[PDB]
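Notes for the one structure printed next.
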Amino acid sequence: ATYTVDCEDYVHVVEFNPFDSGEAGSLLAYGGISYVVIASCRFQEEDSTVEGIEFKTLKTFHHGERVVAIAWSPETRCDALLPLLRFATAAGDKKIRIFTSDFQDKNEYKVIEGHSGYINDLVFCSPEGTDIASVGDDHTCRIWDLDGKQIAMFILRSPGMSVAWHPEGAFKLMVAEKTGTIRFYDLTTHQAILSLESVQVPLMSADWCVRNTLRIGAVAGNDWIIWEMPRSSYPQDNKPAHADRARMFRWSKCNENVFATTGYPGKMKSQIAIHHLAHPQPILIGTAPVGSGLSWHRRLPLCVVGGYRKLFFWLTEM
Amino acid sequence: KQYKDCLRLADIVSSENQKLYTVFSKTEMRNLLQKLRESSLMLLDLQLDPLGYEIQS
Amino acid sequence: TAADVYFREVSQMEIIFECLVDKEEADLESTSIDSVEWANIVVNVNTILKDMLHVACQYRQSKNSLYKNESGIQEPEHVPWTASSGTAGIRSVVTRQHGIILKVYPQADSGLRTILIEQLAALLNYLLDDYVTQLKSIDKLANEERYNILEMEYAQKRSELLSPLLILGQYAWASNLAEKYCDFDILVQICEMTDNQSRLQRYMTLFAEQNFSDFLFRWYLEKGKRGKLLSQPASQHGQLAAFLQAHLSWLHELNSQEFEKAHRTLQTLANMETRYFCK
Amino acid sequence: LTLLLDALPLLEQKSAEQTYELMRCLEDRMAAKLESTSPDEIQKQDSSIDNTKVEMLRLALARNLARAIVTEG
Amino acid sequence: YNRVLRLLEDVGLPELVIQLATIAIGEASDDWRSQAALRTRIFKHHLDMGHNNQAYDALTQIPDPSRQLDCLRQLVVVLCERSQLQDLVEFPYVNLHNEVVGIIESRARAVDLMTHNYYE
């Protein structure tokens, strides 16, 4: 790893804030066994006054449960006039928790109940940050307001494994199902618009390319899979990602040809593989002893993976 | 070791104010570009960009 | 207890005389440097499983075909053919070999001559495994190639796992391992990249059939990990490494005077330029 | 003697070969004393102080040698 | 109890393996072979991670005789390998201070001098 930061406990999930918070540093959230930490990261590649990585814990939230997914709210700002931290979490208790903070003394959380199975993924699904989409082992995709009222529910054919909001198009939710189907839902009409099918199963994670909204990447079985819309429902590319089960797929936020994949946590060291579409092999192979969560920095060609009491950062040479 | 100022000679030679590019032969212009490339390689060895500016990863 | 039926199936008496070296190993008390007799019994099994693989190999040198390994036939036996047993790579026979390699845990705590004899031994065994994968890959026909290129990556990620294991070991055996899985691009090419010898990767491409099309696809795949102008100490003999790892038409103008090509790339760079006005 | 006492507080402060060198210098000084220095001058006060300084040096060198071995690793 | 502990042992989560194995001691009190195997596994992973105190604690909890001595030996080999000799000096040998001393001595005067800052 280019950089390494020590953590109090095991990192189960890690997510960079994909939004602009108005600070010079990039916000990072990571979930432990019973807590969520919010930190600021500054890198030597952004500021020549930083030697390597400046990592500052801003806030720690007691969760009481193992965090499985974290979603940032678009309303999240660190501006001194009206600081507002908002994020959602899913945990092993099948509940969603929305956290709100002013980075001072006001720390509130709301519990949302209604999933009957484990929640596998969640996102904010509105530009205004009012709505949360969640997917789980109850074979539902559910839409919630910040009041914890269910606005909508889509019945899935298998466990929902990943959910993502479309970066430019209003009302388009992507839902990846474990059996290899990726569906798109319109949240205005409450209808499925389209599906894609993976050649391999189980489908474990899918992400939108923010730089090219026609591209979707995923991991299914051992392979990474790319689709280009609207050209075909069939994959454009399908290549090996890992020797034993791929787990997470995330697109780089700065490059439309770069993405990271993670292997399944197990008896082998979890490998991170960074791929470039022009290359038949990974451009970088990292090892994390046991790691969960994968996120990309908003501006830098830098990705983070959580591990045993550590965050590991890889810079990719562009 | 003023390698950044070596590259500014390209801006001076290409300047329409003095039209210095009109007095160079094709062989001299090739030799100038080779010498500018040599100074640009020395900037890369100093961990600067090919033009002598700050590099951000 | 019997043998006639354990000869038709002797392959099983190798996956279990390993599980009985491990349950002997649990009682080897060989955690500290003081234990020794118990690191001598783990080697006595390593010698027998090894010379048993030596015997399968030499009985595949004693062929009868006048086309398959002509040496040993009506032609001179002074030069044996490929020392492979032409084994098909069993998924339990191979697993017990990749188990007893990871009994490189003893060479951590062991007297100096002993750590070398078991290292020459685990080298002698692995040079039968890489030989049987090579013989099986050679036999593959052109169609169904997708399965053939996936079996290649599987052997190449194991010659690549047999290498970090011998990165702590003696490199006097690296010359032999590199020649054993020979026509070796993956090993020798990553050895030329960890050092400052791109005089070696030039000497490798000088005497080769197609190693240029391999080194770019192999070096390009490994670019930024091995042979990187930033991983190597590129300023010394490592800038002598940087000279061939710098191997391209922009440079083409400097070394061949292709001004027209230089103009096209210089304009293309000028268009993508957003960061610096002066540039 | 004079320079040996200076080395005393210097050692006292909070490579392995360098530590061994200093020990050698101390021993050479002591052998010279056993021979050249008269029995009258041999009997002086700093002997016990010199021994404590030497024990501190041995302890720092041992740990220093271990640190050097770790760096070599 | 043996299974959940084995699952924790796989994925590589040694802290959760310790927590679950502690719960499993309450239920399967009669069982002692699976408990010995799981505690030996916890010891190994703590030792591999360099968690010397937790590895020592795990070794003292092993049901089968003398596995504590096994935790004590591999330990000195790797501590001397990590050239982390100061910690080893600070860590007084648990009860048998003279056992450790002598076992160490033995292995040491039995090997060579061209591979051992062990005398060091």
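Some values worked out for this structure:
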item: Condition check for A:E113: among the acidic types (D, E) and buried (at least 21 other Cβ atoms within 10 Å of the Cβ); result: no
item: Whichever residue in the range C:26-48 is assigned to a helix (DSSP H, G or I) and crowded, with 19+ Cβ neighbours inside 10 Å and, among such residues, is farthest from the other protein chains (Cβ to nearest Cβ); result: C:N46
item: Residues within the range A:46-57 that are part of a loop (DSSP other than H, G, I, E, B) and among the hydrophobic types (A, V, I, L, M, F, W, C), tallied; result: 1
item: Residues that are β-branched (V, I, T) and assigned to a loop (DSSP other than H, G, I, E, B), drawn from the range A:1-45; result: A:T2, A:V11, A:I33
item: Criterion violated by A:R42 - all others in (1) of a type in the set (D, E, K, R); (2) in contact with a strand residue (DSSP E or B) (Cβ under 7 Å, 6 or more places away or on another chain); (3) closer than 24 Å to A:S158 by Cα satisfied; result: (3)
item: Candidate set: the range C:225-250, residues that are loosely packed, with under 14 Cβ neighbours inside 10 Å and over 19 Å from B:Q47 (Cα atoms); chosen: the one farthest from the chain's Cα centre (by Cα); result: C:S249
item: Neighbours by Cβ (under 8 Å, 6+ apart or cross-chain): first from the range C:84-97, closer than 15 Å to C:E151 by Cβ; second assigned to a loop (DSSP other than H, G, I, E, B); result: C:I90/C:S11
item: Lone unmet requirement of (1) over 23 Å from A:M318 (Cα atoms); (2) surrounded by 13 or more Cβ atoms within 10 Å (Cβ to Cβ) for C:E222; result: (1)
item: Residues within the range E:46-63 that are surrounded by fewer than 21 Cβ atoms within 10 Å (Cβ to Cβ), within 9 Å of the chain's Cα centre (by Cα) and within 14 Å of chain A (Cβ to nearest Cβ), tallied; result: 1
item: Wholly within the range C:178-279, helices (runs of 4 or more DSSP H) carrying at least 3 residues that are more than 14 Å from chain A (Cβ to nearest Cβ); result: C:186-194, C:198-206, C:237-245, C:249-256, C:259-272
item: Residue in the range A:223-237 that is within 12 Å of chain C (Cβ to nearest Cβ) and either touching a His at 6+ places or on another chain (Cβ under 9 Å) or outside any loop (DSSP other than H, G, I, E, B) (or both) present; result: yes
item: A:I132, sole failed condition from (1) assigned to a strand (DSSP E or B); (2) more than 21 Å from the chain's Cα centre (by Cα); result: (2)
item: Exclusive hit being within 14 Å of chain C (Cβ to nearest Cβ) and surrounded by fewer than 16 Cβ atoms within 10 Å (Cβ to Cβ), set E:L7, E:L88, E:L113; result: E:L113
item: Inter-residue pairs, beta-carbon under 6 Å, first more than 13 Å from every other protein chain (Cβ to nearest Cβ) and at negative phi and in the range A:30-53, second of a type in the set (A, V, I, L, M) and part of a loop (DSSP other than H, G, I, E, B), 6+ apart; result: A:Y30/A:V11
item: Scope the range A:249-307; condition in contact with a strand residue (DSSP E or B) (Cβ under 6 Å, 6 or more places away or on another chain), farther than 22 Å from A:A164 by Cβ and charged (D, E, K, R); matching residues; result: A:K269
item: Enumeration of residues in the range C:109-122 that are within 11 Å of chain E (Cβ to nearest Cβ) and exposed (fewer than 14 other Cβ atoms within 10 Å of the Cβ); result: C:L112, C:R113
item: All positions within the range B:1-31 that are surrounded by 12 or more Cβ atoms within 10 Å (Cβ to Cβ) and within 12 Å of another protein chain (Cβ to nearest Cβ); result: B:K4, B:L7, B:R8, B:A10, B:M29, B:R30, B:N31
item: Given (1) surrounded by fewer than 17 Cβ atoms within 10 Å (Cβ to Cβ); (2) outside any strand (DSSP E or B), number of the condition A:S126 does not satisfy; result: (1)
item: Enumeration of residues in the range A:63-108 that are surrounded by fewer than 16 Cβ atoms within 10 Å (Cβ to Cβ) and in a strand (DSSP E or B); result: A:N107, A:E108
item: Residues (of a type in the set (V, I, T) and either in contact with a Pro (Cβ under 6 Å, 6 or more places away or on another chain) or part of a strand (DSSP E or B) (or both)) located in the range A:177-198; result: A:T181, A:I182, A:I193
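Yes or no, residue by residue, for (1) under 18 Å from E:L69 (Cα atoms); (2) among the hydroxyl-bearing types (S, T, Y):
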site: E:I23; (1), (2): no, no
site: E:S34; (1), (2): no, yes
site: E:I42; (1), (2): yes, no
site: E:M49; (1), (2): no, no
site: E:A55; (1), (2): yes, no
site: E:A58; (1), (2): yes, no
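Every read-out reported here was derived from the displayed coordinates using simple, explicitly stated rules and does not represent laboratory data. Neighbour counts run over all protein chains shown; Cβ positions are idealised from the backbone, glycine included.
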